[PDB]
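1. Pasting an experimental structure, sequence included:
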Number of protein chains: 2
Amino acid sequence: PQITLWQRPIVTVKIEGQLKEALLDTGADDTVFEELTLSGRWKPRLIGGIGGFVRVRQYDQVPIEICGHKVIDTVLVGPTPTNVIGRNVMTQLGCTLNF
Amino acid sequence: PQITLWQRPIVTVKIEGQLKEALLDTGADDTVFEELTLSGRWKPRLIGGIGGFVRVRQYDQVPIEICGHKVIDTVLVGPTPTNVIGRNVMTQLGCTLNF
Ligand SMILES: CC(C)CN(C[C@@H](O)[C@H](Cc1ccccc1)NC(=O)O[C@H]1CO[C@H]2OCC[C@H]21)S(=O)(=O)c1ccc(N)cc1
């Protein structure tokens, strides 16, 4: 697929049985969701963005279905105004910036 | 050009005589720089990211040299940990996400 950027590049994901939408975000190192219940152990983490810092839970080896592809990666769960799919997942999608 | 996402997609830009680096950021609606001096008038604006909001100056019709292209767009100037090139500029670059 090719995704133009006239609009926010939002995609539908399925993670641990839950359906969500998220922004394909080349500026995000990590994948981050606000309201997502994930199972298992997690480590406390702080990430920093434009308006300051938020405390998140780091969950590892989380299954994600996105763009006709199933991938497994680290998902951070914490306050964010927008769910974001980070480079960690995009490199696995074989996703590139082309122009 | 094609930019893979194994590393942050940082690019060199020239804006109003000044040389800077910035992240090609599909999750950013707008282009934002921290330490860029721009000429003319501006409007006060607040943008929201992860962690909270920041006050920025909005400058219109700023020429930007990026990726062999000269483009002209709105640049927000304010506190950000990382300069980001937003979709406003990327659409002009003909820049797309491919996988
Ligand atoms: C500033 C970037 C280097 C990092 N940010 C990713 C970025 O794409 C966010 C992604 C984003 C999107 C919406 C809300 C919060 C964060 N966009 C953003 O802050 O854009 C601002 C400039 O344009 C405006 O348009 C949308 C928000 C404004 S980030 O959200 O802070 C971030 C940081 C670390 C991780 N792992 C994931 C995301």
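-> Done, it's in. Numbers count the residues shown, from 1 in each chain, chains lettered A, B, ... in the order given.
2. CA atoms only: put stretch A:2-11 into PDB for me.
-> The C-alpha trace of stretch A:2-11 is given here as PDB (Å, rounded to 0.1, in the frame of the first residue of the first chain):
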ATOM      1  CA  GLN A   2       0.900   3.600  -0.600                       C
ATOM      2  CA  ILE A   3      -0.500   6.200   2.000                       C
ATOM      3  CA  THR A   4      -0.500   9.800   1.000                       C
ATOM      4  CA  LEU A   5      -0.300  12.500   3.700                       C
ATOM      5  CA  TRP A   6      -3.100  14.900   2.900                       C
ATOM      6  CA  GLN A   7      -4.800  13.500   6.000                       C
ATOM      7  CA  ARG A   8      -3.500  12.000   9.100                       C
ATOM      8  CA  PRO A   9      -2.400   8.400   8.300                       C
ATOM      9  CA  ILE A  10      -4.700   6.600  10.600                       C
ATOM     10  CA  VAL A  11      -5.000   2.800  10.400                       C
END
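3. Do any residues in that stretch lie close to chain B?
-> Yes: counting by C-beta under 8 Å from any C-beta of the partner chain, chain B is contacted by stretch A:2-11 at A:2, A:3, A:4, A:5, A:6, A:8, A:9. C-betas here are computed from N, CA, C, even on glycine.
4. which residue packs closest to the third one, ignoring adjacent ones?
-> Across the structure, with C-beta to C-beta, 6 or more residues apart in numbering or on different chains as the measure, the residue nearest residue A:4 apart from its sequence neighbours is residue B:96 (5.4 Å).
5. most surrounded residue in the residues of stretch A:2-11 next to chain B?
-> For those, neighbours were counted by other C-beta atoms under 10 Å in any protein chain shown; the highest total belongs to residue A:5, with 21 neighbours.
6. so what's that residue closest to, chain neighbours aside?
-> With C-beta to C-beta, 6+ apart, the residue lying closest to residue A:5 is residue B:87, at 4.4 Å.
7. Buried residues, the biggest strand by length in chain A. List them.
-> When chain A is parsed with DSSP state E, its longest strand is strand A:52-66. Within strand A:52-66, the residues that qualify as buried are A:54, A:56, A:58, A:59, A:62, A:64, A:66, counting by 16 or more other C-beta atoms under 10 Å in any protein chain shown.
8. by how many degrees do it and strand B:52-66 diverge?
-> Here the directions of strand A:52-66 and strand B:52-66 differ by 70 degrees (axes from the mean of the first three to the mean of the last three C-alpha atoms, to 10 degrees).
9. Brilliant, that's me finished.
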